[PDB]
Amino acid sequence: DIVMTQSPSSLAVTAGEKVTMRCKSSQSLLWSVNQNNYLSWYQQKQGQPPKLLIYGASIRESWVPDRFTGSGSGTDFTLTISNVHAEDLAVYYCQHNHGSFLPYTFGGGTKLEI
Amino acid sequence: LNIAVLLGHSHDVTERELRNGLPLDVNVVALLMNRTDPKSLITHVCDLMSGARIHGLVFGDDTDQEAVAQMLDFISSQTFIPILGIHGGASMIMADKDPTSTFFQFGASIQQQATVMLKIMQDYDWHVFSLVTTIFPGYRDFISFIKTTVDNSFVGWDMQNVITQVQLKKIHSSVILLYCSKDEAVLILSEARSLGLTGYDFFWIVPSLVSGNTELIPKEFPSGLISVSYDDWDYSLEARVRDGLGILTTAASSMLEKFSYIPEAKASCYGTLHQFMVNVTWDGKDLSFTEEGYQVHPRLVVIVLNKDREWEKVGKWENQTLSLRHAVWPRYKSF
Amino acid sequence: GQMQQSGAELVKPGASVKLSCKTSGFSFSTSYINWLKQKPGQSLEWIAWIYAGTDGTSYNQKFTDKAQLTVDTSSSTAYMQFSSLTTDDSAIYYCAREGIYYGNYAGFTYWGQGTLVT
Amino acid sequence: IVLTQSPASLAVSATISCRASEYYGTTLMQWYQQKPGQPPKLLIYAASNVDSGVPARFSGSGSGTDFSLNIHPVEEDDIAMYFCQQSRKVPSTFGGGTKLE
Amino acid sequence: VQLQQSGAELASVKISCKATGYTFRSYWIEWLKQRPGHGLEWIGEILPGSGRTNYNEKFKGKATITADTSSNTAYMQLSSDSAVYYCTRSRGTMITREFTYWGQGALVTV
Amino acid sequence: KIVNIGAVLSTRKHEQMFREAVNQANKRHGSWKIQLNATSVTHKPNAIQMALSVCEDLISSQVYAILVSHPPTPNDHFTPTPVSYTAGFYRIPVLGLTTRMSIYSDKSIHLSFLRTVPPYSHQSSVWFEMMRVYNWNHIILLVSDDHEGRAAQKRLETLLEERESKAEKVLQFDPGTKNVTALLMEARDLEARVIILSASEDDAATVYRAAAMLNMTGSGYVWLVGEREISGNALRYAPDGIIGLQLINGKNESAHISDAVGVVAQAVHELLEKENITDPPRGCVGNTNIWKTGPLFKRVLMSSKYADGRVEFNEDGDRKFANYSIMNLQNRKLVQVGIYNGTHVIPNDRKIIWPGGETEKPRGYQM
Ligand SMILES: *[C@@H]1O[C@H](CO)[C@@H](O[C@@H]2O[C@H](CO)[C@@H](O)[C@H](O)[C@H]2NC(C)=O)[C@H](O)[C@H]1NC(C)=O
Ligand SMILES: *[C@@H]1O[C@H](CO)[C@@H](O)[C@H](O)[C@H]1NC(C)=O
Ligand SMILES: *[C@@H]1O[C@H](CO)[C@@H](O)[C@H](O)[C@H]1NC(C)=O
Ligand SMILES: *[C@@H]1O[C@H](CO)[C@@H](O)[C@H](O)[C@H]1NC(C)=O
Ligand SMILES: *[C@@H]1O[C@H](CO)[C@@H](O)[C@H](O)[C@H]1NC(C)=O
Ligand SMILES: *[C@@H]1O[C@H](CO)[C@@H](O)[C@H](O)[C@H]1NC(C)=O
Ligand SMILES: *[C@@H]1O[C@H](CO)[C@@H](O)[C@H](O)[C@H]1NC(C)=O
Ligand SMILES: *[C@@H]1O[C@H](CO)[C@@H](O)[C@H](O)[C@H]1NC(C)=O
Ligand SMILES: *[C@@H]1O[C@H](CO)[C@@H](O)[C@H](O)[C@H]1NC(C)=O
Ligand SMILES: *[C@@H]1O[C@H](CO)[C@@H](O)[C@H](O)[C@H]1NC(C)=O
């Protein structure tokens, strides 16, 4: 079981200014057999639709805007946003997809506000 | 034990004749049945089962149906009691039983039928033959056994071919092995009979499948046919009913000494001896069975269709070698 | 594609409930049926998954003998039963199916909603 | 199968009846003699065959669902209760009892 | 062939039935209730050789019958009824299914 | 002026859909005075009853065909065996719907049984086709030594006879075995490097665990398994890199019932056109005869040909021209890598991963 926490846990900052989110895992999740890491961000604000925001820490989803960006490798990961908008106010999670860790795990969560 | 001598048949077999520190000894239950429907079979079976837990079950059949054996096997599996087929379709041989089933049959099996056939062809040195078969079930296994037995003898067989105008044209052998059904036998044979493969030296050989019910020879069966079928002439029911108790009285006694416990049924239709009969012999007569339940010394016979248009025995199989009554083949003209 | 779940239901202590998760809009027979949890004030908890084609089942260590699973291809309706339910079991339940992207499992993509319990 | 016999009490100085509510030519009925404070003793089996080691004064007959028992000559021995038992179906059942005096 | 049983009783109880006249692994053993005021009843049978057991629907779930192949004893347990009890054995010729050998009798009361 | 079509089913929804399909089938098939009246019953344990009640009801109704769907779920041992004898006594055609046991093809006992799904011997045929693809000549086959195992072995041997090749070894183990260590050691010691297994889920899990303990499933090996071997906890014990196969719409049952009803209706309509037609007997009791045109209608049914894909039967009385999916285990997650065409094995864009690493083809010899 890989239990990871995201620091910090909350922030009340002015909208339109870049923020940094990081989720640090125990073991390295890299897998050189397929040369792909098991990273995925999620979001849920209204209607409880937990949807995979960014997966693989390097490729965005089709409908995710350009400003969103994910990064990280091994155990350290970085979630960087160019500009903060009120539409992004939600609770996030980090979850792995490696088949080694039975069962899966979910991120600590960050109830951001302004 | 509590042996139920069941008789499902229309033939006149009386029950008074059947009447005429041991745990079970011998007990006889006599029932004569005419109908052979699933409902009648199941009702009679359950009525017998509820009646004081009868042990032995011996059945005889007068019809010539194939599902009687299937129903008997199903009942034997669901009640856990051995069943012996003695006459008719009950004594007919089925292909593949089930491991849980305890149905033990009579009569020779199809492979054992080929061996006695090839023992006759060698005895008359017809060392050249051909194989003709159809899509009727049982041809695939008959083909495989035919080739194997040829390669392992001192005769040196000279098998020609195995078999639609081209198929009949390339036939040039003297002895022909045939495998088809009666409704198709009169059809394939009639086609060849008009073509010129019947007469003085052209010998057809068919198993008990092609020539079944006696006294039902169609208008077109060339007199001089050779086939093998179970002996029902001199081995009457008395030699076929006392044999049912001979196996069970020995198996039960042999089971009791090895295991101080006698098997029994469920005594209810609603909700051992499986491998103890391989080695058994009563009064010299080897009544032992095989791994598939078939007999070991089947009483096969060889028949010929003389001019008077009737089947008559020509040779007898005993021990492991046939004893033909002619040893030099006479001449039969057909049509 | 969309999924439908059962309505709200409250159970007395010691009772058992069998929920369902309707499926439509994708290839059902070659998928996994995962089950989740969300108790307010606490993180989620993966429970089990079921392979549709061959009824391949897996259990979590905590819930090894606390539940059971079943499926039915004809109606495309999932089945799940809870055993020895109590007050501590009061939490929302979800049915989700993982998806394959670029020829590799990318996480959870099909989601349900609702199905409260107490 | 439910059995019923009369009379419940008999006064003699005799016969018994037991009516039922056969197995391929065989009748299934047995009569038991039970002195007070003693286990039952089988007396007649198959409704027609007596048991070895018993006095010949006892004889019985019956068929179908109506069977009867009679005794002659009368002696001190037949002073207990009696019943009839069926075995055509499981479980078996017995009679209602019949004294004598 | 002779039979012996336990003593009187006075919850749950157990009654023994020991065989000392034959091969105990061959014949069934049946239990009978003979509560005064009527003829008798029938409970169940047990075969020591294989252990197959059948019970009566009326007494189902209340009487448990067990046997020990070593000491040749029969145990019948009633759980959670004051009647005289008998354990018996058939002659063995079968079909008739009659009762010939009788025990002594154990008187239970509540 | 109506033809009775018996049926056996469990779900009320199943029977409602069956009745709806039968009713809808009488829309565009002429304006004559002939129709069809359905008759369906429920299941029953204690197969003596399951046979007697079905016989009585369907014979008294005098139905033309007796359909059989999947057996009851709680009793996996339940099978259409007690039905195929009762409906085979009178040569009344039976149409199995879901059962895939290969014992049914032996038509010396099960006289009048058909279906519309290919049994497991076609998986052996697909295995032979696969072995004809990647240039492999030696394969080790492990079978359950049961009837299905013998059937699969015979089919594979017949397939290999045409190719003139040979099987290096054919392992044989009893079902529900405990100690297969000797057999696994014998297989490992040989130079053949292709292993094929076919047994129950429990046996598959046991042999997977034994192979994992013996450390035989590393790099350079070849694995091929069927359908039942990757079901249940056998999947949980399965080793990486394995290759398995499964049907398409195995138990969807909707198109199954629709197609079976359509085929029965078309066969009946084509049969009633010609003369020499009889009716099922009142074989409840006392009817020792058989159906006059039993084999005739059986041949008529077996000679069916359809475009609505194609539904054509062979001499085996089964269904052919079926599709398949090719699955390769990866991260303990089954992934579809290609689809098996009617006869071709054209793959997809997915890249396969063999036991160990990389996609390089492992050989079959120990040179
Ligand atoms: C097979 O596929 C699925 C279930 O495996 C079902 O698809 C339905 O098809 C019917 C028409 O037959 C549609 O009306 C339904 O809307 C479909 N439902 C879904 C969820 O796809 C159905 O059981 C089968 N479909 C067929 C017969 O093609
Ligand atoms: C035999 O025929 C008689 C007279 O019809 C009748 O009992 C019944 O039809 C048949 N009985 C059996 C046992 O088949
Ligand atoms: C078969 O049984 C007889 C019975 O005594 C015995 O003598 C003989 O050795 C047995 N043979 C085999 C092969 O079991
Ligand atoms: C005939 O069979 C018996 C046993 O069945 C055997 O002892 C005898 O040797 C056989 N006859 C010949 C000539 O081998
Ligand atoms: C039609 O089938 C139904 C089955 O529900 C049956 O009750 C009815 O008797 C049948 N009628 C005819 C004329 O076959
Ligand atoms: C299987 O048999 C061999 C033979 O001795 C033994 O060494 C091995 O321990 C057995 N397997 C198990 C699991 O005990
Ligand atoms: C286990 O696998 C390793 C592979 O490196 C092998 O060297 C070793 O011999 C295996 N052990 C056994 C007991 O087979
Ligand atoms: C019906 O049978 C007769 C007699 O064999 C035959 O002449 C006729 O052609 C048959 N009819 C059909 C439609 O086959
Ligand atoms: C499935 O089979 C049908 C015919 O049975 C065929 O038309 C169709 O192309 C197949 N689909 C595949 C191979 O994906
Ligand atoms: C798929 O199979 C069909 C017939 O089975 C054939 O006509 C077709 O060409 C095959 N597909 C390819 C791509 O060859």
# chains A, B, ... in the order shown; residues from 1 in each chain; ligands from 1

$ select_by_dssp --residues "chain D" --states "strand (DSSP E or B)" --output "number ranges by chain"
D: 3-6, 15-20, 29-34, 41-45, 49-50, 58-63, 66-71, 81-86, 93

$ residues_near_ligand --ligand "ligand 10" --cutoff "9 Å" --atoms "only C-alpha atoms and all ligand atoms" --output "list in words"
residues 321, 340, 341, 342, 343, 344, 345 and 346 of chain F

$ closest_atom_pairs --of "chain F" --to "ligand 6" --cutoff "9 Å" --atoms "only C-alpha atoms and all ligand atoms" --output "JSON lines"
{"residue": "F:178", "atom": "CA", "partner": "ligand 6", "partner_atom_place_in_ligand_line": "13 (C)", "distance": 7.3}
{"residue": "F:179", "atom": "CA", "partner": "ligand 6", "partner_atom_place_in_ligand_line": "1 (C)", "distance": 4.9}
{"residue": "F:180", "atom": "CA", "partner": "ligand 6", "partner_atom_place_in_ligand_line": "1 (C)", "distance": 7.2}
{"residue": "F:181", "atom": "CA", "partner": "ligand 6", "partner_atom_place_in_ligand_line": "1 (C)", "distance": 5.8}
{"residue": "F:182", "atom": "CA", "partner": "ligand 6", "partner_atom_place_in_ligand_line": "2 (O)", "distance": 7.3}
{"residue": "F:210", "atom": "CA", "partner": "ligand 6", "partner_atom_place_in_ligand_line": "13 (C)", "distance": 8.8}

$ write_last_selection --atoms "N, CA and C atoms" --output "CSV table (one decimal), in the first residue's frame"
chain,number,residue,atom,x,y,z
F,178,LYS,N,-3.5,-33.1,-6.9
F,178,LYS,CA,-2.8,-32.5,-5.8
F,178,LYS,C,-1.3,-32.4,-6.0
F,179,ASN,N,-0.6,-33.4,-6.5
F,179,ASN,CA,0.8,-33.5,-6.7
F,179,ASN,C,1.1,-33.7,-8.2
F,180,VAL,N,1.3,-32.6,-8.9
F,180,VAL,CA,1.6,-32.7,-10.3
F,180,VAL,C,3.1,-32.3,-10.5
F,181,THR,N,3.9,-32.4,-9.4
F,181,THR,CA,5.3,-32.0,-9.5
F,181,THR,C,6.1,-32.8,-10.5
F,182,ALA,N,5.8,-34.2,-10.5
F,182,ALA,CA,6.5,-35.0,-11.4
F,182,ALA,C,6.2,-34.7,-12.8
F,210,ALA,N,1.9,-24.2,-9.0
F,210,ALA,CA,3.0,-25.1,-9.1
F,210,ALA,C,4.1,-24.6,-10.0

$ residues_near_ligand --ligand "ligand 7" --cutoff "8 Å" --atoms "only C-alpha atoms and all ligand atoms" --output "PDB file with N, CA and C atoms, in the first residue's frame"
ATOM      1  N   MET F 213       5.971 -21.871  -8.314  1.00  0.00           N
ATOM      2  CA  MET F 213       6.895 -22.409  -7.318  1.00  0.00           C
ATOM      3  C   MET F 213       8.114 -23.046  -7.976  1.00  0.00           C
ATOM      4  N   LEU F 214       7.920 -23.721  -9.111  1.00  0.00           N
ATOM      5  CA  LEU F 214       9.027 -24.360  -9.812  1.00  0.00           C
ATOM      6  C   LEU F 214       9.825 -23.393 -10.672  1.00  0.00           C
ATOM      7  N   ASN F 215       9.388 -22.136 -10.780  1.00  0.00           N
ATOM      8  CA  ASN F 215      10.141 -21.089 -11.474  1.00  0.00           C
ATOM      9  C   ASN F 215      10.375 -21.458 -12.939  1.00  0.00           C
ATOM     10  N   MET F 216       9.302 -21.897 -13.595  1.00  0.00           N
ATOM     11  CA  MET F 216       9.317 -22.257 -15.007  1.00  0.00           C
ATOM     12  C   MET F 216       8.769 -21.163 -15.911  1.00  0.00           C
ATOM     13  N   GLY F 218       9.523 -17.967 -16.452  1.00  0.00           N
ATOM     14  CA  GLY F 218      10.354 -16.796 -16.638  1.00  0.00           C
ATOM     15  C   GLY F 218      10.331 -16.299 -18.067  1.00  0.00           C
TER      16      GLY F 218
END

$ interface_residues --of "chain D" --to "chain E" --cutoff "12 Å" --atoms "only C-alpha atoms" --output "PyMOL selection string"
chain D and resi 3-5+8+22-24+26-34+36-47+49+51-52+81-98

$ residues_near_ligand --ligand "ligand 4" --cutoff "9 Å" --atoms "only C-alpha atoms and all ligand atoms" --output "MDAnalysis selection string"
chainID B and resid 284:286 297 318:321

$ write_last_selection --atoms "N, CA and C atoms" --output "compact mmCIF listing (two decimals), in the first residue's frame"
# COMPACT_ATOMS: atom_id res chain seq x y z
N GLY B 284 -16.27 -71.68 -13.03
CA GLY B 284 -15.40 -71.74 -14.19
C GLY B 284 -15.72 -70.70 -15.24
N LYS B 285 -17.00 -70.40 -15.43
CA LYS B 285 -17.43 -69.42 -16.42
C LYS B 285 -16.90 -68.04 -16.06
N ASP B 286 -16.00 -67.51 -16.89
CA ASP B 286 -15.40 -66.20 -16.65
C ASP B 286 -16.44 -65.13 -17.00
N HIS B 297 -15.87 -62.59 -22.45
CA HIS B 297 -16.07 -63.73 -23.33
C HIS B 297 -17.44 -63.65 -23.99
N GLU B 318 -15.54 -68.94 -29.65
CA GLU B 318 -15.36 -69.46 -28.30
C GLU B 318 -13.93 -69.20 -27.88
N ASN B 319 -13.74 -68.98 -26.57
CA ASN B 319 -12.43 -68.65 -26.02
C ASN B 319 -11.88 -67.40 -26.69
N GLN B 320 -10.97 -67.58 -27.65
CA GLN B 320 -10.46 -66.47 -28.45
C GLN B 320 -10.31 -66.83 -29.92
N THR B 321 -10.76 -68.02 -30.32
CA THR B 321 -10.58 -68.48 -31.69
C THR B 321 -11.90 -69.05 -32.20

$ interface_residues --of "chain F" --to "chain A" --cutoff "10 Å" --atoms "only C-alpha atoms" --output "short mmCIF file (atom, residue, chain, number, x, y, z; two decimals) with N, CA and C atoms, in the first residue's frame"
data_model
loop_
_atom_site.label_atom_id
_atom_site.label_comp_id
_atom_site.auth_asym_id
_atom_site.auth_seq_id
_atom_site.Cartn_x
_atom_site.Cartn_y
_atom_site.Cartn_z
N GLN F 330 -1.62 -8.90 -18.70
CA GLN F 330 -0.62 -7.86 -18.51
C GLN F 330 -0.96 -7.06 -17.26
N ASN F 331 0.01 -6.96 -16.34
CA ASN F 331 -0.19 -6.32 -15.04
C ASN F 331 -1.38 -6.92 -14.29
N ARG F 332 -1.65 -8.21 -14.53
CA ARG F 332 -2.84 -8.88 -14.02
C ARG F 332 -4.11 -8.15 -14.44
N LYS F 333 -4.12 -7.65 -15.68
CA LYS F 333 -5.29 -7.00 -16.28
C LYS F 333 -5.42 -7.50 -17.71
N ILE F 353 3.05 -8.55 -24.69
CA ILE F 353 4.16 -8.72 -23.76
C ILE F 353 4.21 -10.19 -23.37
N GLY F 356 8.09 -12.48 -18.93
CA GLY F 356 9.39 -11.84 -18.83
C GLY F 356 9.35 -10.42 -19.35
N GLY F 357 9.90 -10.20 -20.54
CA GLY F 357 9.90 -8.88 -21.13
C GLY F 357 10.06 -8.95 -22.64
N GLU F 358 9.77 -7.82 -23.28
CA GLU F 358 9.93 -7.62 -24.72
C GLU F 358 8.99 -8.50 -25.55
#

$ residues_near_ligand --ligand "ligand 5" --cutoff "10 Å" --atoms "only C-alpha atoms and all ligand atoms" --output "list in words"
residues 1, 2, 3, 4, 5, 6, 36, 37, 38, 39, 40, 41, 60, 61, 62 and 63 of chain F

$ residues_near_ligand --ligand "ligand 8" --cutoff "10 Å" --atoms "only C-alpha atoms and all ligand atoms" --output "NGL selection string"
:F and (271-277)

$ write_last_selection --atoms "N, CA and C atoms" --output "PDB file, in the first residue's frame"
ATOM      1  N   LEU F 271     -41.145 -26.653 -43.745  1.00  0.00           N
ATOM      2  CA  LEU F 271     -41.537 -28.055 -43.640  1.00  0.00           C
ATOM      3  C   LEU F 271     -43.010 -28.248 -43.973  1.00  0.00           C
ATOM      4  N   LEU F 272     -43.878 -27.372 -43.460  1.00  0.00           N
ATOM      5  CA  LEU F 272     -45.311 -27.529 -43.687  1.00  0.00           C
ATOM      6  C   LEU F 272     -45.718 -27.287 -45.135  1.00  0.00           C
ATOM      7  N   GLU F 273     -44.842 -26.708 -45.959  1.00  0.00           N
ATOM      8  CA  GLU F 273     -45.188 -26.481 -47.358  1.00  0.00           C
ATOM      9  C   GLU F 273     -45.392 -27.794 -48.101  1.00  0.00           C
ATOM     10  N   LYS F 274     -44.511 -28.764 -47.882  1.00  0.00           N
ATOM     11  CA  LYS F 274     -44.607 -30.055 -48.542  1.00  0.00           C
ATOM     12  C   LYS F 274     -45.624 -30.946 -47.834  1.00  0.00           C
ATOM     13  N   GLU F 275     -46.026 -32.010 -48.523  1.00  0.00           N
ATOM     14  CA  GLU F 275     -46.965 -32.974 -47.970  1.00  0.00           C
ATOM     15  C   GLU F 275     -46.215 -33.942 -47.054  1.00  0.00           C
ATOM     16  N   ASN F 276     -46.891 -35.017 -46.645  1.00  0.00           N
ATOM     17  CA  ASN F 276     -46.314 -36.051 -45.787  1.00  0.00           C
ATOM     18  C   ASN F 276     -45.858 -35.461 -44.450  1.00  0.00           C
ATOM     19  N   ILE F 277     -46.828 -34.924 -43.713  1.00  0.00           N
ATOM     20  CA  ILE F 277     -46.593 -34.271 -42.431  1.00  0.00           C
ATOM     21  C   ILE F 277     -47.415 -34.986 -41.368  1.00  0.00           C
TER      22      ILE F 277
END

$ residues_near_ligand --ligand "ligand 3" --cutoff "9 Å" --atoms "only C-alpha atoms and all ligand atoms" --output "VMD selection string"
chain B and resid 254 278 to 281

$ interface_residues --of "chain C" --to "chain F" --cutoff "9 Å" --atoms "only C-alpha atoms" --output "NGL selection string"
:C and (29-30 or 53-58 or 72-75 or 100 or 102-105)

$ write_last_selection --atoms "N, CA and C atoms" --output "compact mmCIF listing (two decimals), in the first residue's frame"
# COMPACT_ATOMS: atom_id res chain seq x y z
N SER C 29 -19.30 -6.73 -21.71
CA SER C 29 -18.85 -8.09 -21.42
C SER C 29 -17.34 -8.20 -21.19
N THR C 30 -16.56 -7.19 -21.55
CA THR C 30 -15.11 -7.22 -21.43
C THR C 30 -14.60 -6.11 -20.52
N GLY C 53 -16.73 -10.89 -18.18
CA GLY C 53 -16.80 -12.06 -19.04
C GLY C 53 -16.78 -13.37 -18.28
N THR C 54 -15.86 -13.51 -17.33
CA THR C 54 -15.64 -14.78 -16.65
C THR C 54 -15.92 -14.71 -15.15
N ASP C 55 -16.55 -13.64 -14.68
CA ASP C 55 -16.89 -13.48 -13.26
C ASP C 55 -15.65 -13.57 -12.37
N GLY C 56 -14.55 -12.98 -12.84
CA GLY C 56 -13.34 -12.92 -12.03
C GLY C 56 -13.53 -11.95 -10.88
N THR C 57 -13.35 -12.42 -9.65
CA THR C 57 -13.62 -11.62 -8.47
C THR C 57 -12.36 -11.49 -7.61
N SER C 58 -12.23 -10.33 -6.97
CA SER C 58 -11.15 -10.07 -6.03
C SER C 58 -11.72 -9.38 -4.80
N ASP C 72 -24.79 -10.21 -14.18
CA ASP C 72 -25.74 -10.76 -15.15
C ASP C 72 -25.57 -10.01 -16.46
N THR C 73 -25.17 -10.73 -17.51
CA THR C 73 -24.87 -10.10 -18.79
C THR C 73 -26.13 -9.71 -19.56
N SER C 74 -27.20 -10.50 -19.42
CA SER C 74 -28.40 -10.26 -20.22
C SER C 74 -29.02 -8.91 -19.91
N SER C 75 -29.13 -8.56 -18.63
CA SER C 75 -29.75 -7.31 -18.22
C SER C 75 -28.75 -6.17 -18.03
N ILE C 100 -9.37 1.80 -20.82
CA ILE C 100 -8.09 1.58 -21.48
C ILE C 100 -7.84 2.73 -22.44
N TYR C 102 -4.63 4.46 -24.89
CA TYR C 102 -3.32 4.22 -25.49
C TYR C 102 -2.84 2.80 -25.24
N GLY C 103 -3.77 1.86 -25.13
CA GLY C 103 -3.42 0.48 -24.83
C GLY C 103 -2.84 0.26 -23.45
N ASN C 104 -3.32 1.00 -22.45
CA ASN C 104 -2.88 0.84 -21.07
C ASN C 104 -3.93 1.46 -20.15
N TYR C 105 -4.22 0.77 -19.05
CA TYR C 105 -5.25 1.24 -18.14
C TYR C 105 -4.87 2.58 -17.53

$ atom_distance --atom1 "atom CA of residue B:305" --atom2 "atom CA of residue B:333"
10.4 Å

$ residues_around --residues "stretch 7-16 of chain C" --least-positions-apart "3" --cutoff "6 Å" --atoms "only C-alpha atoms" --output "VMD selection string"
chain C and resid 82 to 86 115 to 118

$ residues_around --residues "residue B:130" --least-positions-apart "6" --cutoff "6 Å" --atoms "only C-alpha atoms" --output "ChimeraX atom specification"
/B:159-161,176-177

$ residues_near_ligand --ligand "ligand 2" --cutoff "7 Å" --atoms "only C-alpha atoms and all ligand atoms" --output "JSON, numbers by chain"
{"B": [32, 33, 34, 35, 36, 40], "F": [286]}

$ atom_distance --atom1 "atom CA of residue B:218" --atom2 "atom CA of residue B:172"
26.1 Å

$ closest_atom_pairs --of "chain B" --to "chain D" --cutoff "10 Å" --atoms "only C-alpha atoms" --output "CSV"
residue,atom,partner,partner_atom,distance
B:29,CA,D:24,CA,8.0
B:30,CA,D:24,CA,7.9
B:31,CA,D:24,CA,8.2
B:48,CA,D:23,CA,9.7
B:50,CA,D:89,CA,7.0
B:51,CA,D:88,CA,6.7
B:52,CA,D:88,CA,7.8
B:267,CA,D:90,CA,9.3
B:268,CA,D:90,CA,9.8

$ write_last_selection --atoms "N, CA, C and O atoms" --output "PDB file, in the first residue's frame"
ATOM      1  N   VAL B  29     -37.776 -60.288  -6.652  1.00  0.00           N
ATOM      2  CA  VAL B  29     -38.926 -59.434  -6.929  1.00  0.00           C
ATOM      3  C   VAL B  29     -39.241 -59.557  -8.412  1.00  0.00           C
ATOM      4  O   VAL B  29     -38.369 -59.320  -9.258  1.00  0.00           O
ATOM      5  N   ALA B  30     -40.482 -59.920  -8.728  1.00  0.00           N
ATOM      6  CA  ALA B  30     -40.908 -60.177 -10.096  1.00  0.00           C
ATOM      7  C   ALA B  30     -41.925 -59.132 -10.533  1.00  0.00           C
ATOM      8  O   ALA B  30     -42.929 -58.913  -9.850  1.00  0.00           O
ATOM      9  N   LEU B  31     -41.665 -58.498 -11.676  1.00  0.00           N
ATOM     10  CA  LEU B  31     -42.591 -57.531 -12.254  1.00  0.00           C
ATOM     11  C   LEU B  31     -42.513 -57.610 -13.770  1.00  0.00           C
ATOM     12  O   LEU B  31     -41.421 -57.542 -14.341  1.00  0.00           O
ATOM     13  N   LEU B  48     -40.632 -49.456  -6.869  1.00  0.00           N
ATOM     14  CA  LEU B  48     -39.747 -50.508  -6.380  1.00  0.00           C
ATOM     15  C   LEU B  48     -38.803 -49.985  -5.303  1.00  0.00           C
ATOM     16  O   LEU B  48     -38.560 -50.666  -4.300  1.00  0.00           O
ATOM     17  N   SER B  50     -39.159 -47.478  -3.155  1.00  0.00           N
ATOM     18  CA  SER B  50     -39.854 -47.295  -1.887  1.00  0.00           C
ATOM     19  C   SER B  50     -40.225 -48.614  -1.222  1.00  0.00           C
ATOM     20  O   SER B  50     -40.588 -48.612  -0.041  1.00  0.00           O
ATOM     21  N   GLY B  51     -40.153 -49.727  -1.948  1.00  0.00           N
ATOM     22  CA  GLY B  51     -40.530 -51.025  -1.425  1.00  0.00           C
ATOM     23  C   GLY B  51     -39.403 -51.821  -0.801  1.00  0.00           C
ATOM     24  O   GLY B  51     -38.855 -52.727  -1.436  1.00  0.00           O
ATOM     25  N   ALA B  52     -39.033 -51.473   0.433  1.00  0.00           N
ATOM     26  CA  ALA B  52     -38.117 -52.260   1.259  1.00  0.00           C
ATOM     27  C   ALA B  52     -36.700 -52.323   0.692  1.00  0.00           C
ATOM     28  O   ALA B  52     -35.982 -53.293   0.932  1.00  0.00           O
ATOM     29  N   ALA B 267     -33.491 -45.388  -0.940  1.00  0.00           N
ATOM     30  CA  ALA B 267     -34.816 -45.689  -0.405  1.00  0.00           C
ATOM     31  C   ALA B 267     -35.790 -44.530  -0.568  1.00  0.00           C
ATOM     32  O   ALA B 267     -36.790 -44.458   0.154  1.00  0.00           O
ATOM     33  N   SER B 268     -35.519 -43.617  -1.499  1.00  0.00           N
ATOM     34  CA  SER B 268     -36.382 -42.475  -1.767  1.00  0.00           C
ATOM     35  C   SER B 268     -35.986 -41.874  -3.109  1.00  0.00           C
ATOM     36  O   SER B 268     -34.798 -41.733  -3.412  1.00  0.00           O
TER      37      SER B 268
END

$ closest_residue --among "A:90, A:110, A:9, A:83" --to "residue A:47" --atoms "only C-alpha atoms"
A:90
